[PDB]
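Raw contents of input-v4.cif, mmCIF, N, CA and C atoms:
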```cif
data_run
#
loop_
_atom_site.label_atom_id
_atom_site.label_comp_id
_atom_site.auth_asym_id
_atom_site.auth_seq_id
_atom_site.Cartn_x
_atom_site.Cartn_y
_atom_site.Cartn_z
N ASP A 650 -1.44 11.05 -17.68
CA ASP A 650 -0.50 11.53 -16.68
C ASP A 650 0.95 11.22 -17.02
N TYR A 651 1.19 10.20 -17.85
CA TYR A 651 2.55 9.78 -18.18
C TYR A 651 2.74 9.62 -19.69
N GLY A 652 1.95 10.34 -20.48
CA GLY A 652 2.07 10.28 -21.92
C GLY A 652 1.31 9.16 -22.59
N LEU A 653 0.72 8.25 -21.83
CA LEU A 653 -0.06 7.18 -22.42
C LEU A 653 -1.32 7.75 -23.07
N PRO A 654 -1.81 7.11 -24.13
CA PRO A 654 -3.08 7.54 -24.73
C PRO A 654 -4.25 7.24 -23.80
N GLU A 655 -5.35 7.95 -24.03
CA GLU A 655 -6.53 7.77 -23.20
C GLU A 655 -7.06 6.34 -23.28
N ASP A 656 -7.08 5.76 -24.47
CA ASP A 656 -7.49 4.37 -24.66
C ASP A 656 -6.40 3.65 -25.42
N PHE A 657 -5.82 2.61 -24.80
CA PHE A 657 -4.82 1.80 -25.49
C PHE A 657 -5.02 0.31 -25.23
N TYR A 658 -6.08 -0.07 -24.52
CA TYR A 658 -6.49 -1.46 -24.42
C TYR A 658 -7.53 -1.81 -25.47
N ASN A 659 -7.84 -0.87 -26.36
CA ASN A 659 -8.75 -1.09 -27.47
C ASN A 659 -8.11 -0.87 -28.83
N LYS A 660 -6.86 -0.40 -28.88
CA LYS A 660 -6.20 -0.14 -30.15
C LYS A 660 -4.74 -0.58 -30.18
N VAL A 661 -4.19 -1.12 -29.10
CA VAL A 661 -2.79 -1.54 -29.05
C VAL A 661 -2.73 -2.93 -28.44
N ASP A 662 -2.16 -3.88 -29.18
CA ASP A 662 -1.95 -5.22 -28.67
C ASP A 662 -0.69 -5.26 -27.81
N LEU A 663 -0.49 -6.39 -27.13
CA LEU A 663 0.63 -6.55 -26.22
C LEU A 663 1.13 -7.99 -26.24
N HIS A 664 2.44 -8.15 -26.35
CA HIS A 664 3.12 -9.41 -26.11
C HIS A 664 4.06 -9.20 -24.93
N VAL A 665 4.01 -10.10 -23.96
CA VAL A 665 4.74 -9.94 -22.71
C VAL A 665 5.53 -11.22 -22.47
N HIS A 666 6.78 -11.23 -22.89
CA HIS A 666 7.65 -12.36 -22.57
C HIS A 666 8.03 -12.33 -21.11
N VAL A 667 8.26 -13.51 -20.54
CA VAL A 667 8.78 -13.64 -19.19
C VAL A 667 9.83 -14.74 -19.19
N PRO A 668 11.05 -14.47 -18.73
CA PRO A 668 12.10 -15.49 -18.77
C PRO A 668 11.78 -16.74 -17.96
N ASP A 669 11.47 -16.59 -16.68
CA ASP A 669 11.21 -17.75 -15.83
C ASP A 669 10.18 -17.34 -14.77
N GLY A 670 8.90 -17.59 -15.07
CA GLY A 670 7.82 -17.30 -14.15
C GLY A 670 7.30 -18.49 -13.39
N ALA A 671 7.80 -19.70 -13.65
CA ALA A 671 7.43 -20.89 -12.88
C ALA A 671 8.31 -20.96 -11.63
N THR A 672 8.33 -19.86 -10.90
CA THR A 672 9.13 -19.68 -9.70
C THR A 672 8.54 -20.45 -8.54
N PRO A 673 9.35 -20.78 -7.52
CA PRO A 673 8.80 -21.42 -6.32
C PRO A 673 7.77 -20.56 -5.60
N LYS A 674 7.79 -19.24 -5.79
CA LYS A 674 6.78 -18.38 -5.20
C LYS A 674 5.40 -18.75 -5.73
N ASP A 675 4.43 -18.86 -4.82
CA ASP A 675 3.06 -19.19 -5.22
C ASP A 675 2.49 -18.12 -6.15
N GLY A 676 2.72 -16.85 -5.82
CA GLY A 676 2.30 -15.76 -6.67
C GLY A 676 3.39 -15.37 -7.65
N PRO A 677 3.13 -14.36 -8.46
CA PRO A 677 4.17 -13.87 -9.37
C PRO A 677 5.32 -13.23 -8.62
N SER A 678 5.00 -12.34 -7.68
CA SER A 678 5.99 -11.58 -6.91
C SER A 678 6.85 -10.71 -7.83
N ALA A 679 6.35 -10.42 -9.02
CA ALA A 679 7.02 -9.52 -9.95
C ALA A 679 5.98 -8.64 -10.64
N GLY A 680 5.00 -8.16 -9.87
CA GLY A 680 3.92 -7.37 -10.44
C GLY A 680 4.33 -5.99 -10.91
N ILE A 681 4.92 -5.19 -10.01
CA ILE A 681 5.35 -3.85 -10.39
C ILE A 681 6.38 -3.89 -11.50
N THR A 682 7.14 -4.99 -11.61
CA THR A 682 8.03 -5.17 -12.75
C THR A 682 7.25 -5.10 -14.05
N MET A 683 6.18 -5.89 -14.16
CA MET A 683 5.35 -5.83 -15.36
C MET A 683 4.65 -4.49 -15.49
N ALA A 684 4.29 -3.86 -14.37
CA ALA A 684 3.64 -2.56 -14.43
C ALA A 684 4.53 -1.53 -15.11
N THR A 685 5.77 -1.40 -14.63
CA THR A 685 6.69 -0.45 -15.25
C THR A 685 7.11 -0.90 -16.64
N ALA A 686 7.18 -2.21 -16.90
CA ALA A 686 7.52 -2.68 -18.24
C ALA A 686 6.46 -2.25 -19.24
N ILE A 687 5.19 -2.48 -18.92
CA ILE A 687 4.10 -2.06 -19.79
C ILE A 687 4.09 -0.55 -19.94
N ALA A 688 4.28 0.19 -18.84
CA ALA A 688 4.27 1.65 -18.94
C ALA A 688 5.39 2.15 -19.83
N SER A 689 6.59 1.59 -19.67
CA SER A 689 7.72 2.00 -20.49
C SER A 689 7.47 1.69 -21.96
N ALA A 690 6.97 0.49 -22.24
CA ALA A 690 6.76 0.10 -23.63
C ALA A 690 5.69 0.96 -24.30
N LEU A 691 4.56 1.15 -23.63
CA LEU A 691 3.45 1.88 -24.24
C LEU A 691 3.67 3.38 -24.26
N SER A 692 4.42 3.93 -23.31
CA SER A 692 4.69 5.36 -23.28
C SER A 692 5.96 5.72 -24.05
N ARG A 693 6.76 4.72 -24.40
CA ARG A 693 8.05 4.93 -25.07
C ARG A 693 9.01 5.73 -24.19
N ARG A 694 9.14 5.31 -22.94
CA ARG A 694 10.15 5.82 -22.02
C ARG A 694 11.06 4.70 -21.54
N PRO A 695 12.37 4.94 -21.47
CA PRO A 695 13.31 3.86 -21.16
C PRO A 695 13.35 3.50 -19.68
N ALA A 696 13.14 2.22 -19.37
CA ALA A 696 13.19 1.74 -17.99
C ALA A 696 14.63 1.68 -17.52
N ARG A 697 14.90 2.28 -16.37
CA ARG A 697 16.27 2.46 -15.93
C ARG A 697 16.96 1.13 -15.63
N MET A 698 18.29 1.18 -15.63
CA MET A 698 19.12 0.05 -15.28
C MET A 698 19.41 0.06 -13.78
N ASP A 699 20.04 -1.02 -13.32
CA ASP A 699 20.60 -1.09 -11.97
C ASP A 699 19.54 -0.91 -10.89
N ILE A 700 18.26 -1.02 -11.26
CA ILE A 700 17.16 -0.91 -10.31
C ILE A 700 16.27 -2.13 -10.51
N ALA A 701 16.50 -3.16 -9.71
CA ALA A 701 15.76 -4.42 -9.80
C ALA A 701 14.62 -4.39 -8.79
N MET A 702 13.43 -4.79 -9.24
CA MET A 702 12.19 -4.53 -8.53
C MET A 702 11.43 -5.81 -8.22
N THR A 703 10.50 -5.70 -7.28
CA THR A 703 9.60 -6.80 -6.94
C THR A 703 8.46 -6.25 -6.09
N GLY A 704 7.31 -6.91 -6.19
CA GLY A 704 6.13 -6.48 -5.47
C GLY A 704 4.85 -6.73 -6.24
N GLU A 705 3.78 -7.09 -5.54
CA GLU A 705 2.51 -7.40 -6.18
C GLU A 705 1.75 -6.12 -6.50
N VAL A 706 0.73 -6.25 -7.35
CA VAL A 706 -0.09 -5.13 -7.79
C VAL A 706 -1.56 -5.52 -7.68
N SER A 707 -2.38 -4.56 -7.28
CA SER A 707 -3.83 -4.71 -7.25
C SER A 707 -4.45 -3.87 -8.35
N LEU A 708 -5.72 -4.14 -8.65
CA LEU A 708 -6.39 -3.38 -9.71
C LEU A 708 -6.49 -1.90 -9.34
N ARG A 709 -6.77 -1.60 -8.08
CA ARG A 709 -6.72 -0.21 -7.62
C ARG A 709 -5.31 0.35 -7.67
N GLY A 710 -4.30 -0.49 -7.50
CA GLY A 710 -2.92 -0.08 -7.61
C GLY A 710 -2.15 0.00 -6.31
N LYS A 711 -2.41 -0.89 -5.36
CA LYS A 711 -1.66 -0.91 -4.10
C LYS A 711 -0.67 -2.06 -4.13
N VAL A 712 0.57 -1.77 -3.73
CA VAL A 712 1.65 -2.75 -3.78
C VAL A 712 1.63 -3.53 -2.47
N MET A 713 1.08 -4.75 -2.51
CA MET A 713 0.99 -5.58 -1.31
C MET A 713 2.37 -6.11 -0.93
N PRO A 714 2.53 -6.68 0.26
CA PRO A 714 3.78 -7.38 0.57
C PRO A 714 4.00 -8.56 -0.36
N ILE A 715 5.20 -9.12 -0.28
CA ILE A 715 5.54 -10.34 -0.99
C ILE A 715 6.23 -11.28 -0.02
N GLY A 716 6.19 -12.57 -0.34
CA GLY A 716 6.84 -13.56 0.50
C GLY A 716 8.32 -13.68 0.18
N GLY A 717 9.12 -13.83 1.23
CA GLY A 717 10.54 -14.04 1.06
C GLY A 717 11.27 -12.88 0.44
N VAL A 718 11.37 -11.76 1.16
CA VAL A 718 12.17 -10.63 0.68
C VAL A 718 13.66 -10.91 0.77
N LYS A 719 14.09 -11.86 1.61
CA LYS A 719 15.50 -12.22 1.65
C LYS A 719 15.98 -12.75 0.31
N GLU A 720 15.22 -13.68 -0.28
CA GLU A 720 15.60 -14.22 -1.58
C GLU A 720 15.60 -13.14 -2.64
N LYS A 721 14.59 -12.26 -2.60
CA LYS A 721 14.50 -11.18 -3.58
C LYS A 721 15.71 -10.26 -3.51
N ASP B 650 -29.46 7.91 -5.55
CA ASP B 650 -29.62 7.56 -4.14
C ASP B 650 -28.29 7.23 -3.48
N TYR B 651 -27.27 6.92 -4.28
CA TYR B 651 -25.96 6.57 -3.75
C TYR B 651 -24.83 7.18 -4.57
N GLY B 652 -25.08 8.33 -5.18
CA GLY B 652 -24.03 9.15 -5.77
C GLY B 652 -23.16 8.48 -6.81
N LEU B 653 -23.72 8.17 -7.97
CA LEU B 653 -22.96 7.64 -9.09
C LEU B 653 -23.10 8.53 -10.31
N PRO B 654 -22.12 8.51 -11.21
CA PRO B 654 -22.30 9.19 -12.50
C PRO B 654 -23.48 8.60 -13.26
N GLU B 655 -24.22 9.48 -13.93
CA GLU B 655 -25.43 9.06 -14.62
C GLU B 655 -25.15 8.14 -15.81
N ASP B 656 -23.90 8.07 -16.27
CA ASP B 656 -23.49 7.12 -17.29
C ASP B 656 -22.28 6.35 -16.76
N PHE B 657 -22.52 5.12 -16.30
CA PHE B 657 -21.45 4.30 -15.76
C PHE B 657 -21.46 2.91 -16.38
N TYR B 658 -22.60 2.53 -16.96
CA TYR B 658 -22.72 1.26 -17.66
C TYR B 658 -22.60 1.41 -19.17
N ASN B 659 -22.22 2.59 -19.66
CA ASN B 659 -22.11 2.81 -21.10
C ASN B 659 -20.76 3.39 -21.50
N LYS B 660 -20.08 4.07 -20.56
CA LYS B 660 -18.82 4.72 -20.89
C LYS B 660 -17.74 4.53 -19.84
N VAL B 661 -17.95 3.66 -18.85
CA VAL B 661 -16.95 3.42 -17.81
C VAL B 661 -16.75 1.92 -17.68
N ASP B 662 -15.56 1.44 -18.04
CA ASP B 662 -15.25 0.03 -17.97
C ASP B 662 -14.86 -0.33 -16.53
N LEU B 663 -14.81 -1.63 -16.23
CA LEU B 663 -14.74 -2.06 -14.85
C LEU B 663 -14.02 -3.40 -14.77
N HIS B 664 -13.23 -3.57 -13.71
CA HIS B 664 -12.56 -4.84 -13.43
C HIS B 664 -12.68 -5.18 -11.95
N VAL B 665 -12.76 -6.48 -11.67
CA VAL B 665 -13.01 -6.99 -10.33
C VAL B 665 -12.04 -8.13 -10.06
N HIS B 666 -11.35 -8.08 -8.92
CA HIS B 666 -10.48 -9.14 -8.46
C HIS B 666 -11.06 -9.76 -7.20
N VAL B 667 -11.09 -11.09 -7.16
CA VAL B 667 -11.48 -11.84 -5.97
C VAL B 667 -10.35 -12.81 -5.66
N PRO B 668 -9.76 -12.76 -4.46
CA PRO B 668 -8.56 -13.55 -4.19
C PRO B 668 -8.84 -15.05 -4.13
N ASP B 669 -7.76 -15.81 -4.27
CA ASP B 669 -7.79 -17.28 -4.23
C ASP B 669 -8.77 -17.84 -5.25
N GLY B 670 -8.81 -17.21 -6.43
CA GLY B 670 -9.77 -17.61 -7.44
C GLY B 670 -11.19 -17.44 -6.94
N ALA B 671 -12.06 -18.34 -7.39
CA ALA B 671 -13.43 -18.37 -6.90
C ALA B 671 -13.55 -19.37 -5.75
N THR B 672 -14.75 -19.46 -5.18
CA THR B 672 -15.03 -20.46 -4.16
C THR B 672 -15.48 -21.73 -4.86
N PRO B 673 -14.76 -22.85 -4.70
CA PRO B 673 -15.14 -24.08 -5.41
C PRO B 673 -16.49 -24.64 -4.98
N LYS B 674 -17.12 -24.02 -3.99
CA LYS B 674 -18.47 -24.41 -3.62
C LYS B 674 -19.48 -23.65 -4.47
N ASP B 675 -20.70 -24.18 -4.53
CA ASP B 675 -21.77 -23.53 -5.26
C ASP B 675 -22.36 -22.40 -4.43
N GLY B 676 -22.35 -21.19 -4.98
CA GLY B 676 -22.89 -20.04 -4.31
C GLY B 676 -21.82 -19.05 -3.91
N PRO B 677 -21.74 -17.93 -4.63
CA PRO B 677 -20.79 -16.88 -4.26
C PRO B 677 -21.23 -16.16 -2.99
N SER B 678 -20.52 -16.42 -1.89
CA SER B 678 -20.91 -15.92 -0.58
C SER B 678 -20.53 -14.46 -0.36
N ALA B 679 -20.25 -13.71 -1.42
CA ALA B 679 -19.86 -12.31 -1.31
C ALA B 679 -20.65 -11.47 -2.32
N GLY B 680 -21.94 -11.75 -2.45
CA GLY B 680 -22.76 -10.99 -3.38
C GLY B 680 -22.90 -9.53 -2.98
N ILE B 681 -23.36 -9.28 -1.75
CA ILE B 681 -23.45 -7.91 -1.28
C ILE B 681 -22.08 -7.27 -1.19
N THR B 682 -21.03 -8.07 -0.99
CA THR B 682 -19.67 -7.54 -1.06
C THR B 682 -19.40 -6.95 -2.43
N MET B 683 -19.74 -7.68 -3.49
CA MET B 683 -19.57 -7.14 -4.83
C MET B 683 -20.44 -5.92 -5.04
N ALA B 684 -21.68 -5.95 -4.54
CA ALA B 684 -22.57 -4.80 -4.71
C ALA B 684 -21.96 -3.54 -4.11
N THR B 685 -21.54 -3.62 -2.85
CA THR B 685 -21.01 -2.44 -2.18
C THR B 685 -19.65 -2.05 -2.74
N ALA B 686 -18.85 -3.02 -3.21
CA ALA B 686 -17.57 -2.69 -3.82
C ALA B 686 -17.76 -1.92 -5.12
N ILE B 687 -18.65 -2.41 -5.99
CA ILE B 687 -18.92 -1.72 -7.24
C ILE B 687 -19.47 -0.33 -6.95
N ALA B 688 -20.38 -0.22 -5.97
CA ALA B 688 -20.93 1.09 -5.63
C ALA B 688 -19.85 2.04 -5.14
N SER B 689 -18.96 1.57 -4.26
CA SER B 689 -17.92 2.42 -3.71
C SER B 689 -16.95 2.88 -4.80
N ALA B 690 -16.58 1.97 -5.70
CA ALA B 690 -15.67 2.34 -6.78
C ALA B 690 -16.28 3.40 -7.68
N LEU B 691 -17.55 3.24 -8.05
CA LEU B 691 -18.22 4.20 -8.92
C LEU B 691 -18.67 5.45 -8.18
N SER B 692 -18.70 5.43 -6.84
CA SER B 692 -19.19 6.58 -6.10
C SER B 692 -18.18 7.71 -6.06
N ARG B 693 -16.90 7.40 -6.27
CA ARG B 693 -15.81 8.36 -6.07
C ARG B 693 -15.85 8.94 -4.66
N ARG B 694 -16.15 8.06 -3.70
CA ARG B 694 -16.14 8.34 -2.28
C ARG B 694 -15.35 7.26 -1.55
N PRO B 695 -14.49 7.64 -0.61
CA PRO B 695 -13.70 6.63 0.10
C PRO B 695 -14.59 5.75 0.97
N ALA B 696 -14.46 4.44 0.79
CA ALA B 696 -15.18 3.50 1.63
C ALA B 696 -14.52 3.42 3.01
N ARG B 697 -15.26 2.87 3.97
CA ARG B 697 -14.77 2.76 5.34
C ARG B 697 -13.81 1.58 5.49
N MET B 698 -13.58 1.22 6.75
CA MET B 698 -12.48 0.36 7.13
C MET B 698 -12.99 -0.83 7.96
N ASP B 699 -12.75 -2.04 7.46
CA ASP B 699 -13.04 -3.29 8.17
C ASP B 699 -14.51 -3.38 8.58
N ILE B 700 -15.37 -3.49 7.57
CA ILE B 700 -16.79 -3.79 7.77
C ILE B 700 -17.06 -5.10 7.04
N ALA B 701 -16.96 -6.21 7.76
CA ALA B 701 -17.12 -7.53 7.17
C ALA B 701 -18.58 -7.80 6.81
N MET B 702 -18.77 -8.63 5.79
CA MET B 702 -20.10 -8.96 5.29
C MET B 702 -20.01 -10.21 4.44
N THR B 703 -21.18 -10.76 4.10
CA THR B 703 -21.28 -11.95 3.26
C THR B 703 -22.73 -12.10 2.81
N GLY B 704 -22.95 -13.02 1.88
CA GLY B 704 -24.27 -13.32 1.37
C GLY B 704 -24.33 -13.23 -0.14
N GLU B 705 -25.55 -13.15 -0.65
CA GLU B 705 -25.78 -13.03 -2.08
C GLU B 705 -26.76 -11.89 -2.33
N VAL B 706 -27.00 -11.60 -3.60
CA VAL B 706 -27.89 -10.52 -4.01
C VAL B 706 -28.92 -11.06 -4.99
N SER B 707 -29.98 -10.28 -5.18
CA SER B 707 -31.04 -10.58 -6.14
C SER B 707 -31.11 -9.48 -7.18
N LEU B 708 -31.93 -9.72 -8.21
CA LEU B 708 -32.10 -8.75 -9.28
C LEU B 708 -32.81 -7.49 -8.82
N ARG B 709 -33.63 -7.58 -7.77
CA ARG B 709 -34.34 -6.42 -7.24
C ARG B 709 -33.58 -5.72 -6.12
N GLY B 710 -32.44 -6.25 -5.69
CA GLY B 710 -31.69 -5.63 -4.62
C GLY B 710 -32.07 -6.10 -3.23
N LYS B 711 -32.04 -7.41 -3.02
CA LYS B 711 -32.28 -8.04 -1.73
C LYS B 711 -31.14 -9.00 -1.42
N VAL B 712 -30.95 -9.28 -0.13
CA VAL B 712 -29.91 -10.20 0.32
C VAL B 712 -30.54 -11.58 0.48
N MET B 713 -30.00 -12.56 -0.25
CA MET B 713 -30.41 -13.94 -0.07
C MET B 713 -29.69 -14.58 1.11
N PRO B 714 -30.35 -15.50 1.81
CA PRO B 714 -29.67 -16.29 2.83
C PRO B 714 -28.63 -17.22 2.21
N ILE B 715 -27.56 -17.46 2.98
CA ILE B 715 -26.49 -18.34 2.56
C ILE B 715 -26.20 -19.33 3.67
N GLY B 716 -25.91 -20.58 3.28
CA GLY B 716 -25.54 -21.60 4.23
C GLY B 716 -24.10 -21.47 4.68
N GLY B 717 -23.78 -22.17 5.77
CA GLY B 717 -22.45 -22.12 6.32
C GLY B 717 -22.03 -20.76 6.83
N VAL B 718 -22.93 -20.03 7.48
CA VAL B 718 -22.59 -18.74 8.06
C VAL B 718 -21.78 -18.98 9.32
N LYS B 719 -21.76 -20.23 9.78
CA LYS B 719 -21.05 -20.63 10.98
C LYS B 719 -19.55 -20.38 10.87
N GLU B 720 -18.87 -21.06 9.94
CA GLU B 720 -17.42 -20.95 9.85
C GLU B 720 -16.97 -19.53 9.56
N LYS B 721 -17.77 -18.76 8.80
CA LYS B 721 -17.42 -17.37 8.54
C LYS B 721 -17.37 -16.58 9.84
#
```

Take the structure I supplied and represent it as structure tokens, if you would.
Amino acid sequence: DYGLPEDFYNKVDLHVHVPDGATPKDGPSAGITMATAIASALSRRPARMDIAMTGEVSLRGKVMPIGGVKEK
Amino acid sequence: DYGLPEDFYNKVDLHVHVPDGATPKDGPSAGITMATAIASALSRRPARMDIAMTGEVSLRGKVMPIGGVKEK
């Protein structure tokens, strides 16, 4: 649907750096960030600027709430 | 009997999330939960809404009794 290959968890490795993930938040609270990061990297599409994101991800793909949207 | 593709254990990969890690007690109290979840995912049919359950499963497809049904 977005240019990704049909199978890329069997033929493409991944390294995922994170600057500071030992956040006070119990969860990551940066799920969709990694979702779009992986999609951009594997599809070779540039992730836009000036759009800072946050939100959890489920395996089905529903963006749950996050704690402390004021800080975000 | 429950509408699944005839090849689901040979050509369809699967992932399962259970929140708060596992239960540090002995005995996964959501066996039939996993059964019905896997069935619903592979059925390509929308599951219903807020039908709570608990227990375990057997190799032949039976529900085992579980202790501590009280606090649940």

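Residues of chain B having any atom within 8 Å of chain A, counting all atoms listed in the file, are residues 664, 665 and 666 of chain B.
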
Written as a PyMOL selection string, which residues does the PyMOL selection byres ((chain A and resi 704) around 5) give for the file shown? chain A and resi 678-681+702-703+705-706

How about saving the chosen residues, N, CA and C atoms kept, as a PDB file, keeping the file's coordinate frame?
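And here's out-v4.pdb as it stands now:
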```
ATOM      1  N   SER A 678       5.000 -12.340  -7.680  1.00  0.00           N
ATOM      2  CA  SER A 678       5.990 -11.580  -6.910  1.00  0.00           C
ATOM      3  C   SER A 678       6.850 -10.710  -7.830  1.00  0.00           C
ATOM      4  N   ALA A 679       6.350 -10.420  -9.020  1.00  0.00           N
ATOM      5  CA  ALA A 679       7.020  -9.520  -9.950  1.00  0.00           C
ATOM      6  C   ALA A 679       5.980  -8.640 -10.640  1.00  0.00           C
ATOM      7  N   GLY A 680       5.000  -8.160  -9.870  1.00  0.00           N
ATOM      8  CA  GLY A 680       3.920  -7.370 -10.440  1.00  0.00           C
ATOM      9  C   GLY A 680       4.330  -5.990 -10.910  1.00  0.00           C
ATOM     10  N   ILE A 681       4.920  -5.190 -10.010  1.00  0.00           N
ATOM     11  CA  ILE A 681       5.350  -3.850 -10.390  1.00  0.00           C
ATOM     12  C   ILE A 681       6.380  -3.890 -11.500  1.00  0.00           C
ATOM     13  N   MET A 702      13.430  -4.790  -9.240  1.00  0.00           N
ATOM     14  CA  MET A 702      12.190  -4.530  -8.530  1.00  0.00           C
ATOM     15  C   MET A 702      11.430  -5.810  -8.220  1.00  0.00           C
ATOM     16  N   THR A 703      10.500  -5.700  -7.280  1.00  0.00           N
ATOM     17  CA  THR A 703       9.600  -6.800  -6.940  1.00  0.00           C
ATOM     18  C   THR A 703       8.460  -6.250  -6.090  1.00  0.00           C
ATOM     19  N   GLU A 705       3.780  -7.090  -5.540  1.00  0.00           N
ATOM     20  CA  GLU A 705       2.510  -7.400  -6.180  1.00  0.00           C
ATOM     21  C   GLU A 705       1.750  -6.120  -6.500  1.00  0.00           C
ATOM     22  N   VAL A 706       0.730  -6.250  -7.350  1.00  0.00           N
ATOM     23  CA  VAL A 706      -0.090  -5.130  -7.790  1.00  0.00           C
ATOM     24  C   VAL A 706      -1.560  -5.520  -7.680  1.00  0.00           C
TER      25      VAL A 706
END
```

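Superposing chain A onto chain B by least squares over all C-alpha atoms, paired in sequence order, gives an RMSD of 1.3 Å.
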
So how far away is atom N of residue 698 in chain B from atom N of residue 676 in chain A, in Å? 27.4 Å

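Residue membership of the PyMOL selection byres ((chain A and resi 690-697) around 7) in the shown file amounts to residues 651, 652, 653, 654, 685, 686, 687, 688, 689, 698, 699 and 700 of chain A.
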
Pick the closest to residue 701 in chain A from A:671, A:677, A:682, A:657: which is it, counting all atoms listed in the file? A:682

To one decimal place, how far is CA of residue 655 in chain B from CA of residue 684 in chain B in Å? 17.3 Å

Output as a PyMOL selection string all residues of chain B that backbone DSSP marks as strand (DSSP E or B). chain B and resi 679+704-706+712-713

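Interatomic distance, CA of residue 683 in chain A to CA of residue 667 in chain B: 20.2 Å.
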